[PDB]
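In what follows, a structure is listed as structure tokens, so that the remarks can point back to it.
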Amino acid sequence: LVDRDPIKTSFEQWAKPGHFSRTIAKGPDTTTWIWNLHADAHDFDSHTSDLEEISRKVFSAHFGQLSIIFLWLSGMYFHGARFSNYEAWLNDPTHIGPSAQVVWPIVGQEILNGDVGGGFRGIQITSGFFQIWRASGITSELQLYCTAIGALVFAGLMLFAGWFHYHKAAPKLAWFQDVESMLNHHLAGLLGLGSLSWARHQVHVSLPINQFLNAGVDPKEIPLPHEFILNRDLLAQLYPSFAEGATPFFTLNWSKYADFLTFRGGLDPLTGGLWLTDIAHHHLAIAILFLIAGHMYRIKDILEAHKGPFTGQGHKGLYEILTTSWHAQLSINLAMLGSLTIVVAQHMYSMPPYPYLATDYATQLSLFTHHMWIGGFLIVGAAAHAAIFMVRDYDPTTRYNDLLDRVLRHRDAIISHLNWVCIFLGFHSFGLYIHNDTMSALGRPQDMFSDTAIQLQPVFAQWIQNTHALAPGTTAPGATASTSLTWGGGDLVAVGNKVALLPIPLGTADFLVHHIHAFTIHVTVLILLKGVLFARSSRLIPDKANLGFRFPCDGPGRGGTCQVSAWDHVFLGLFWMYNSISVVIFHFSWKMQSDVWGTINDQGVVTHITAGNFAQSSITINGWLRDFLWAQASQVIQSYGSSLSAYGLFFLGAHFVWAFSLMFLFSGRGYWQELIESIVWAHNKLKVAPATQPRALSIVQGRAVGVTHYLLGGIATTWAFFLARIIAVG
Amino acid sequence: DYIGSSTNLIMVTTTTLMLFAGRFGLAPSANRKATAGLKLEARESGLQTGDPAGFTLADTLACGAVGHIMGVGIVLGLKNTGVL
Amino acid sequence: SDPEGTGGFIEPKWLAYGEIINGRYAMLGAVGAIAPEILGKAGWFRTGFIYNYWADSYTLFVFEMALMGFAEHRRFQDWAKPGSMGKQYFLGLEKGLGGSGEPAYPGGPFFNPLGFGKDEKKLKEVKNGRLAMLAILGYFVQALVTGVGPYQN
Ligand code: CLA
Ligand code: CLA
Ligand code: CLA
Ligand code: CLA
Ligand SMILES: CC(=CC=C/C(C)=C/C=C/C=C(C)\C=C\C=C(C)\C=C\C1=C(C)CCCC1(C)C)/C=C/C1=C(C)CCCC1(C)C
Ligand SMILES: CCCCCCCCCCCCO[C@H]1O[C@H](CO)[C@@H](O[C@H]2O[C@H](CO)[C@@H](O)[C@H](O)[C@H]2O)[C@H](O)[C@H]1O
Ligand SMILES: CC1=C(C/C=C(\C)CCC[C@H](C)CCC[C@@H](C)CCCC(C)C)C(=O)c2ccccc2C1=O
């Protein structure tokens, strides 16, 4: 390509058919290249055979995410502001049931807008702003309206840094191809200087402006816009102005104190969102580390070190090419970023970190399943992109004889095991349930697997739960309750509208879901593991790195020779994970409502959204639609003519879109060709078709329009199924 | 000032405790593991004299030497030494 | 053509050398000490107060810093050069009268040659020391320990 250059046009390329592999989009017309162009639009086997740029693009086309997450948030802060309900909800929590969005009464619309709290028509929320927002050491609607434009500021600017890259004549190699410092910085002072900084604006301002909110008032009968400077006088109620101490150290006297923190654990009676008196200390006690920690270092050295006998000789030298990969140092990350998201999903529901959550049921489970699909949707990826490594990234083979060349050495092996693992599971991990049916429908309970028939006896208790809620008696200092109230030992009194967390008991019907997870988590990974491992060569095809990591299927021979590849192992690996997460969700809420969520009154006689129906009745896998799907969902199929209605009214579409995927999943290809011409014929008679040769779907595009649909179908189905059984009773 | 002035000098009791016990512990480095109580390099009693740890970790007690009694159960007896 | 803006190791430093030079006499408070008897404070807490102040008020504050910023970028264009600035007046041969030239310092030239007896007995130092005058009032705005005060003393 010209047009023409090198050097010697500014005149930009708008006009002249094509670009992207060289007997390119050819003069001669076609359609396939219009899904080409969008797909693989980002890729790197083309653009140039030379690293250089690519990192100079990804550090820019990156940017436009932050900026975006930044245009987003703004319409959420704005939204969570003038489309109010926040002002109204906060003087009045336990009571309200929040909104931010509202229609405009065009056509049918309005049904969707149904009285939500501080006196107005709207559609609800299961996205816990209104609750980060508890923070506001200040309060005010127009104020969020500054935090809002403060958002659009970071954006335009944190979006003109993206002009101020690639398009501007760019940095180069050394800049990233000296890695030497990167984490040094990152973790030290941002990971640090945020958490740190967050400390300073987490007791300064917030703690006090909810220390005396957890009582009454109406805001501006509290927390001015400046009030919190030098005036270290209201900081007087929430500890000393250090009195006689000077910059910690010890020649200090406490005859009666010990700074803010004074460590909690449990839950505010009046706002059980976990205590804040702590929340500063923990973030402070973070940062320090990061503050000390981001001070390594300059790199091989540490990895060029510990080897052994069978261990990893190539451990030593574990990648020069880890300054020369991406597709590698992205895949690693996704496993972590991803696997480090759904660890949120627990510490959240068994330890709320915001005021008013749990009581708020629906506004932190939405969460625990949204955060849950990322700690999964980012993991199969975290494999895909390793397959993208394993196939291609490096120039030649300069990488040699090491940890990997090792793992591969065995490979019909690491995956030889893992397999049997799964059929051991599955048999012990699902037909287990099927016993029950076949023998409870035969009907002889003597011999089921009930929490009571097969020998276990009115106790689960003695394991580690019961040595967690009881541990404030070790090296442990203490502080009433535990760490997470859901643990075996002691305490009850949690909240005065509805409930929050309490013990959460186990045994079987907790024993075996917990095991289906195993088998589910395991056969997921089998297919990804073997998939990324056998990326490039095999004894079904060895001539098998020769195009890319996709390729439809090699060809009718060898018997099958179809699925193979690794786009496709990252195609049938999604297919499982949709279950992996989709059944983990199914788990939590049936627990968390069967027990936990429920409610106090006199003598606090607890009354769960369901008197533990779980008991003897999830163990039957029909009980999973006797007690679940057919029981709850009665709220989705009753939901017409209401306010939420948009869920029942989705629940048919998307419970349709899924049942459209199979068409894309289950079908041939020269088929819709053979068909597309009958069409093309009738077209030509009137004189109406040929130009831009209309073509069927690109074997693997077809699979691309399976899967993606099967998910946005099979998923939102419950996104509806859910929001419709926590809004309204529960 | 205040007692925090006798504590202004106590910046020394940590920072000089730290940094004066600094250089030696990183000085003949490029070393990693190892010392005398292991693999070949050799002589005993065990001993005796080799710094940072010994002297300054003893100085935290030392800061409580002369300010002792004066801060404690305030003043007693008729000159504990007997001399004028 | 399109306007220019050359970055190169260290423009950011020539104009960053300059920014502080202007701020070194926009230091103001102790450079011209008669400036504030109490004017450093824009307008205590107690503070001082035994507003902030009487005042010289007002509005027409943006229009200034904008409109005379609509000059900063003119002694930055005009004297790109091709000179004709002295448009003089169409007629009249009587306009020898000059004024200076291009000025930096005691003016047209230096001038009145003839000098030294008594006054008696580069130039980043004429910079360096006045951030050591700038950043100094910087903390002196918040220059307090308040609950306590000078430990020193
Ligand atoms: C006003 C400016 C402007 C102009 C005229 C250009 C022009 C160009 N850029 Mg570019 N760029 C810009 C701003 C601009 N850029 C900014 C602000 C960034 C960083 C944010 C970049 C980052 C960038 C990179 C990495 C690259 C270019 C490249 C190019 C060249 C190819 C452009 C193209 O066809 O992409 C078409 C794409 C668009 C017009 C849209 C850009 C996508 C982002 C910024 C916004 C869209 C996201 C949006 C939310 C859509 C998703 C939601 C959807 C449902 C609506 C071309 C000369 C490429 C090059 O050098 O040749 C190989 C190179 O790849 N640019
Ligand atoms: C940190 C990571 C992130 C980044 C930066 C990338 C980057 C990349 N990936 Mg990737 N990937 C990721 C996470 C990431 N991935 C994860 C988590 C997975 C697992 C699902 C994958 C699975 C994956 C595959 C299989 C492939 C890539 C490929 C690529 C490359 C092609 C990108 C492209 O052209 O856009 C592609 C995006 C589109 C064409 C847009 C279509 C999006 C559709 C499906 C919409 C999604 C549904 C949504 C609900 C619809 C919107 C709403 C609607 C109803 C209105 C690029 C380098 C491709 C490659 O060939 O490598 C060179 C290869 O195809 N990725
Ligand atoms: C995951 C599931 C699984 C398991 C573990 C069981 C287990 C059981 N079923 Mg059962 N069942 C299942 C799926 C399963 N079922 C399914 C899917 C169905 C429908 C297809 C049924 C339909 C069914 C019926 C109708 C009945 C049972 C019954 C039983 C019980 C009698 C078993 C027996 O006598 O075998 C004999 C046992 C052996 C020969 C033991 C040896 C096998 C073990 C030891 C293999 C271990 C490997 C070894 C330890 C590895 C170590 C290596 C070594 C070197 C150390 C037993 C509890 C019966 C019952 O009444 O239960 C109450 C009843 O007959 N099942
Ligand atoms: C084209 C075909 C024909 C038709 C009309 C259907 C229709 C349906 N099938 Mg189906 N099916 C077919 C052939 C067909 N099938 C074949 C050949 C098979 C294989 C044998 C199947 C196998 C199958 C299965 C397994 C299932 C279905 C199901 C369904 C139903 C989903 C419920 C629903 O849509 O409520 C109708 C109400 C609406 C669609 C309201 C829509 C309002 C919303 C979406 C907003 C308005 C639209 C707007 C554009 C969307 C927003 C998008 C925006 C971003 C642009 C639907 C009635 C599913 C079911 O529900 O029970 C069986 C089930 O999953 N089918
Ligand atoms: C018939 C129709 C439609 C349907 C539809 C259906 C029947 C369905 C659909 C669906 C869709 C969807 C569904 C989309 C979407 C979405 C979304 C937005 C999602 C989201 C989410 C997330 C966030 C993730 C996951 C979950 C969820 C899903 C929730 C229409 C038709 C027509 C006609 C007549 C002609 C003309 C055109 C029209 C007018 C158009
Ligand atoms: C749900 C199945 C039962 C199996 C577990 C039962 C074992 C423990 C007994 C009940 C557990 C619930 O704990 C609950 O006890 C009492 C209910 O009578 C309530 O008792 C509460 O009400 C009264 C008001 O002053 C007083 O008697 C108590 O001081 C107070 O704690 C509490 O709200 C709660 O602590
Ligand atoms: C149904 C099906 C098809 C047929 C599907 C097709 C042809 C979908 C493509 C239809 C396009 C998206 C219609 C585009 C036309 C409009 C975009 C043009 C008008 C513009 C708008 C204004 C309407 C395949 O090609 C296929 C291939 C491989 C495996 C399975 C399948 C499969 O299951």
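Residue numbering restarts at 1 for every chain of the structure tokens, chains are lettered A, B, ... in their displayed order, and ligands are numbered from 1 as they appear.
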(message) as a ChimeraX atom specification, please: every protein or nucleic acid residue near ligand 5 (cut-off 12 Å, counting only C-alpha atoms and all ligand atoms).
(response) /A:126-127,366-367,369-374,377,578,582,646-647,649-660,708-723
Saved selection, atoms kept: C-alpha atoms, as a PDB file, in the first residue's frame:
```
ATOM      1  CA  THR A 126     -29.957  -3.633  42.014  1.00  0.00           C
ATOM      2  CA  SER A 127     -26.663  -1.784  41.546  1.00  0.00           C
ATOM      3  CA  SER A 366     -27.511  -9.091  41.625  1.00  0.00           C
ATOM      4  CA  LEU A 367     -23.961  -8.080  42.673  1.00  0.00           C
ATOM      5  CA  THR A 369     -23.993 -12.933  40.413  1.00  0.00           C
ATOM      6  CA  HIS A 370     -22.818 -10.071  38.238  1.00  0.00           C
ATOM      7  CA  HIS A 371     -19.545 -10.231  40.131  1.00  0.00           C
ATOM      8  CA  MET A 372     -19.463 -14.011  39.570  1.00  0.00           C
ATOM      9  CA  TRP A 373     -19.941 -14.053  35.779  1.00  0.00           C
ATOM     10  CA  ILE A 374     -16.755 -11.940  35.375  1.00  0.00           C
ATOM     11  CA  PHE A 377     -16.157 -14.778  31.733  1.00  0.00           C
ATOM     12  CA  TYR A 578     -22.215 -20.848  31.538  1.00  0.00           C
ATOM     13  CA  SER A 582     -25.207 -20.570  36.151  1.00  0.00           C
ATOM     14  CA  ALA A 646     -40.042  -5.621  31.930  1.00  0.00           C
ATOM     15  CA  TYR A 647     -38.603  -8.776  33.441  1.00  0.00           C
ATOM     16  CA  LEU A 649     -41.662  -9.256  29.397  1.00  0.00           C
ATOM     17  CA  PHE A 650     -37.973  -9.963  28.810  1.00  0.00           C
ATOM     18  CA  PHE A 651     -38.147 -13.535  30.212  1.00  0.00           C
ATOM     19  CA  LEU A 652     -40.025 -14.491  27.028  1.00  0.00           C
ATOM     20  CA  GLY A 653     -37.559 -12.946  24.592  1.00  0.00           C
ATOM     21  CA  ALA A 654     -34.040 -14.004  25.685  1.00  0.00           C
ATOM     22  CA  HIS A 655     -35.940 -17.135  26.780  1.00  0.00           C
ATOM     23  CA  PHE A 656     -36.460 -17.019  23.023  1.00  0.00           C
ATOM     24  CA  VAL A 657     -33.025 -15.748  21.962  1.00  0.00           C
ATOM     25  CA  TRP A 658     -31.437 -18.778  23.624  1.00  0.00           C
ATOM     26  CA  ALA A 659     -33.957 -20.972  21.743  1.00  0.00           C
ATOM     27  CA  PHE A 660     -32.624 -19.430  18.536  1.00  0.00           C
ATOM     28  CA  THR A 708     -22.652 -15.730  22.260  1.00  0.00           C
ATOM     29  CA  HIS A 709     -26.465 -16.046  21.763  1.00  0.00           C
ATOM     30  CA  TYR A 710     -26.821 -19.223  23.882  1.00  0.00           C
ATOM     31  CA  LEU A 711     -25.352 -17.088  26.633  1.00  0.00           C
ATOM     32  CA  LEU A 712     -27.093 -13.711  26.236  1.00  0.00           C
ATOM     33  CA  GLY A 713     -30.144 -15.936  25.841  1.00  0.00           C
ATOM     34  CA  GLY A 714     -29.680 -18.523  28.584  1.00  0.00           C
ATOM     35  CA  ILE A 715     -28.369 -15.821  30.965  1.00  0.00           C
ATOM     36  CA  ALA A 716     -30.712 -12.751  30.963  1.00  0.00           C
ATOM     37  CA  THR A 717     -33.439 -15.329  31.328  1.00  0.00           C
ATOM     38  CA  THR A 718     -32.409 -15.533  35.002  1.00  0.00           C
ATOM     39  CA  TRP A 719     -31.388 -11.827  35.206  1.00  0.00           C
ATOM     40  CA  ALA A 720     -35.136 -11.586  34.743  1.00  0.00           C
ATOM     41  CA  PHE A 721     -35.992 -14.727  36.735  1.00  0.00           C
ATOM     42  CA  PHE A 722     -34.082 -13.066  39.596  1.00  0.00           C
ATOM     43  CA  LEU A 723     -35.152  -9.356  39.665  1.00  0.00           C
TER      44      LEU A 723
END
```
(message) I'd like the contact shell of residue 41 in chain C - 10 Å cut-off, only C-alpha atoms, skipping same-chain residues fewer than 6 positions apart - returned as a VMD selection string.
(response) chain C and resid 29 52 to 53 141
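The space between CA of residue 1 in chain A and CA of residue 26 in chain A spans 13.5 Å.
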(request) Can you pull out every residue within 12 Å of range 11-28 of chain B, counting only C-alpha atoms, but drop anything in the same chain fewer than 6 positions away, and send it as a list in words? (result) residues 246, 247, 248, 249, 250 and 251 of chain A; 4, 5, 35, 50, 51, 52, 53, 54, 55, 56, 57, 58, 59, 60, 61, 62, 63 and 64 of chain B
Kindly export the residues of the current selection with N, CA and C atoms, as a PDB file, in the first residue's frame.
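This went into out.pdb:
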```
ATOM      1  N   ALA A 246       2.699  13.063  69.448  1.00  0.00           N
ATOM      2  CA  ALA A 246       3.673  13.322  68.365  1.00  0.00           C
ATOM      3  C   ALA A 246       4.113  12.103  67.525  1.00  0.00           C
ATOM      4  N   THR A 247       3.465  11.941  66.364  1.00  0.00           N
ATOM      5  CA  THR A 247       3.877  10.999  65.314  1.00  0.00           C
ATOM      6  C   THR A 247       4.194   9.604  65.886  1.00  0.00           C
ATOM      7  N   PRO A 248       3.183   8.704  65.916  1.00  0.00           N
ATOM      8  CA  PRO A 248       3.050   7.524  66.792  1.00  0.00           C
ATOM      9  C   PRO A 248       4.187   7.273  67.806  1.00  0.00           C
ATOM     10  N   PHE A 249       4.998   6.233  67.580  1.00  0.00           N
ATOM     11  CA  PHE A 249       6.118   5.875  68.473  1.00  0.00           C
ATOM     12  C   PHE A 249       5.620   5.594  69.894  1.00  0.00           C
ATOM     13  N   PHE A 250       6.516   5.167  70.783  1.00  0.00           N
ATOM     14  CA  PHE A 250       6.101   4.982  72.176  1.00  0.00           C
ATOM     15  C   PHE A 250       6.926   5.691  73.254  1.00  0.00           C
ATOM     16  N   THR A 251       6.283   6.738  73.753  1.00  0.00           N
ATOM     17  CA  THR A 251       6.518   7.335  75.042  1.00  0.00           C
ATOM     18  C   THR A 251       5.127   7.953  75.222  1.00  0.00           C
TER      19      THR A 251
ATOM     20  N   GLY B   4       7.350  15.061  75.150  1.00  0.00           N
ATOM     21  CA  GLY B   4       7.610  14.823  73.742  1.00  0.00           C
ATOM     22  C   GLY B   4       8.883  15.474  73.236  1.00  0.00           C
ATOM     23  N   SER B   5       9.527  16.279  74.086  1.00  0.00           N
ATOM     24  CA  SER B   5      10.836  16.863  73.769  1.00  0.00           C
ATOM     25  C   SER B   5      11.924  15.866  74.118  1.00  0.00           C
ATOM     26  N   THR B  35      26.311 -18.237  57.060  1.00  0.00           N
ATOM     27  CA  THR B  35      27.114 -17.423  57.986  1.00  0.00           C
ATOM     28  C   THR B  35      28.296 -18.212  58.597  1.00  0.00           C
ATOM     29  N   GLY B  50      30.380  -8.252  67.418  1.00  0.00           N
ATOM     30  CA  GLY B  50      29.880  -8.119  66.043  1.00  0.00           C
ATOM     31  C   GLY B  50      28.549  -7.398  66.157  1.00  0.00           C
ATOM     32  N   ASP B  51      28.430  -6.249  65.493  1.00  0.00           N
ATOM     33  CA  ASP B  51      27.538  -5.184  65.979  1.00  0.00           C
ATOM     34  C   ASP B  51      26.036  -5.211  65.596  1.00  0.00           C
ATOM     35  N   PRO B  52      25.526  -4.122  64.978  1.00  0.00           N
ATOM     36  CA  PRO B  52      24.153  -3.610  65.037  1.00  0.00           C
ATOM     37  C   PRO B  52      23.193  -4.204  66.080  1.00  0.00           C
ATOM     38  N   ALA B  53      22.820  -5.471  65.908  1.00  0.00           N
ATOM     39  CA  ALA B  53      21.889  -6.158  66.810  1.00  0.00           C
ATOM     40  C   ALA B  53      22.224  -5.961  68.293  1.00  0.00           C
ATOM     41  N   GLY B  54      23.437  -6.359  68.678  1.00  0.00           N
ATOM     42  CA  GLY B  54      23.883  -6.329  70.069  1.00  0.00           C
ATOM     43  C   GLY B  54      23.674  -5.025  70.823  1.00  0.00           C
ATOM     44  N   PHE B  55      24.197  -3.929  70.277  1.00  0.00           N
ATOM     45  CA  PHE B  55      24.259  -2.650  70.999  1.00  0.00           C
ATOM     46  C   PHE B  55      22.926  -1.880  71.017  1.00  0.00           C
ATOM     47  N   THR B  56      22.326  -1.672  69.845  1.00  0.00           N
ATOM     48  CA  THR B  56      21.148  -0.802  69.745  1.00  0.00           C
ATOM     49  C   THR B  56      19.836  -1.430  70.243  1.00  0.00           C
ATOM     50  N   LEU B  57      19.696  -2.749  70.086  1.00  0.00           N
ATOM     51  CA  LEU B  57      18.529  -3.465  70.627  1.00  0.00           C
ATOM     52  C   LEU B  57      18.604  -3.467  72.151  1.00  0.00           C
ATOM     53  N   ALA B  58      19.805  -3.188  72.654  1.00  0.00           N
ATOM     54  CA  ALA B  58      20.038  -3.006  74.075  1.00  0.00           C
ATOM     55  C   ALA B  58      19.747  -1.565  74.494  1.00  0.00           C
ATOM     56  N   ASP B  59      19.659  -0.670  73.510  1.00  0.00           N
ATOM     57  CA  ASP B  59      19.480   0.770  73.771  1.00  0.00           C
ATOM     58  C   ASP B  59      18.025   1.194  74.016  1.00  0.00           C
ATOM     59  N   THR B  60      17.076   0.345  73.626  1.00  0.00           N
ATOM     60  CA  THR B  60      15.669   0.571  73.953  1.00  0.00           C
ATOM     61  C   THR B  60      15.483   0.488  75.471  1.00  0.00           C
ATOM     62  N   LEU B  61      16.177  -0.466  76.094  1.00  0.00           N
ATOM     63  CA  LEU B  61      16.229  -0.574  77.547  1.00  0.00           C
ATOM     64  C   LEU B  61      16.996   0.629  78.113  1.00  0.00           C
ATOM     65  N   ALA B  62      18.078   1.010  77.428  1.00  0.00           N
ATOM     66  CA  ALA B  62      18.950   2.113  77.854  1.00  0.00           C
ATOM     67  C   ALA B  62      18.240   3.458  77.980  1.00  0.00           C
ATOM     68  N   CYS B  63      17.316   3.744  77.058  1.00  0.00           N
ATOM     69  CA  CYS B  63      16.453   4.943  77.116  1.00  0.00           C
ATOM     70  C   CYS B  63      15.605   4.978  78.395  1.00  0.00           C
ATOM     71  N   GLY B  64      15.367   3.802  78.973  1.00  0.00           N
ATOM     72  CA  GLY B  64      14.643   3.686  80.232  1.00  0.00           C
ATOM     73  C   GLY B  64      15.554   3.542  81.442  1.00  0.00           C
TER      74      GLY B  64
END
```
(message) Need to verify the contact set: range 310-320 of chain A, 12 Å, only C-alpha atoms, exclusion of same-chain residues closer than 6 positions in sequence. Can you return it as a list in words?
(response) residues 177, 178, 179, 299, 300, 301, 302, 303, 304, 328, 329, 394, 397, 398, 399, 400, 401, 402, 403, 404, 405, 406 and 407 of chain A
Please dump the current selection as a CSV table (one decimal), in the first residue's frame; keep C-alpha atoms.
```
chain,number,residue,atom,x,y,z
A,177,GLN,CA,10.8,-3.2,26.6
A,178,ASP,CA,12.5,-2.0,29.7
A,179,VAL,CA,9.9,-3.4,32.1
A,299,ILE,CA,14.6,-8.8,37.1
A,300,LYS,CA,15.5,-12.3,36.1
A,301,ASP,CA,17.6,-13.0,39.1
A,302,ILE,CA,14.7,-14.3,41.4
A,303,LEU,CA,13.3,-16.7,38.8
A,304,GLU,CA,16.8,-17.3,37.5
A,328,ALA,CA,0.9,-14.2,27.3
A,329,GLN,CA,1.0,-11.4,29.9
A,394,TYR,CA,7.2,-14.8,19.4
A,397,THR,CA,11.5,-20.8,18.7
A,398,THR,CA,14.0,-18.8,20.9
A,399,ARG,CA,12.4,-19.8,24.3
A,400,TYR,CA,13.7,-23.3,24.5
A,401,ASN,CA,14.0,-26.4,26.7
A,402,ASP,CA,12.3,-25.2,29.9
A,403,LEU,CA,9.3,-25.4,32.3
A,404,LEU,CA,7.0,-25.6,29.3
A,405,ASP,CA,8.9,-27.6,26.8
A,406,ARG,CA,8.8,-29.6,30.1
A,407,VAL,CA,5.0,-29.5,30.8
```
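Interface residues on chain C toward chain A (cut-off 9 Å, only C-alpha atoms): residues 142, 146 and 147 of chain C.
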Grab the residues selected above and save them as a PDB file, in the first residue's frame with N, CA and C atoms.
```
ATOM      1  N   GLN C 142      -1.307  27.930  55.156  1.00  0.00           N
ATOM      2  CA  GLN C 142      -1.752  26.940  56.122  1.00  0.00           C
ATOM      3  C   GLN C 142      -0.749  26.882  57.276  1.00  0.00           C
ATOM      4  N   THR C 146      -1.549  25.343  65.513  1.00  0.00           N
ATOM      5  CA  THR C 146      -2.841  25.717  66.104  1.00  0.00           C
ATOM      6  C   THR C 146      -3.185  25.115  67.471  1.00  0.00           C
ATOM      7  N   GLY C 147      -3.352  23.793  67.533  1.00  0.00           N
ATOM      8  CA  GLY C 147      -3.782  23.133  68.773  1.00  0.00           C
ATOM      9  C   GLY C 147      -2.769  23.345  69.890  1.00  0.00           C
TER      10      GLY C 147
END
```
(request) Starting from chain C, keep only residues with some atom at most 9 Å from an atom of chain B, counting only C-alpha atoms, and report them as an MDAnalysis selection string. (result) chainID C and resid 150:153
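Of the listed residues A:429, A:419, A:346, A:607, the one whose atoms come nearest to ligand 3 is A:429, with distances taken using only C-alpha atoms and all ligand atoms.
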(request) Could I get the residue neighbourhood of ligand 1 at 7 Å, counting only C-alpha atoms and all ligand atoms, as an MDAnalysis selection string? (result) chainID A and resid 12 47 57:58 60:61 63:64 68 159:160 162:163 166:167
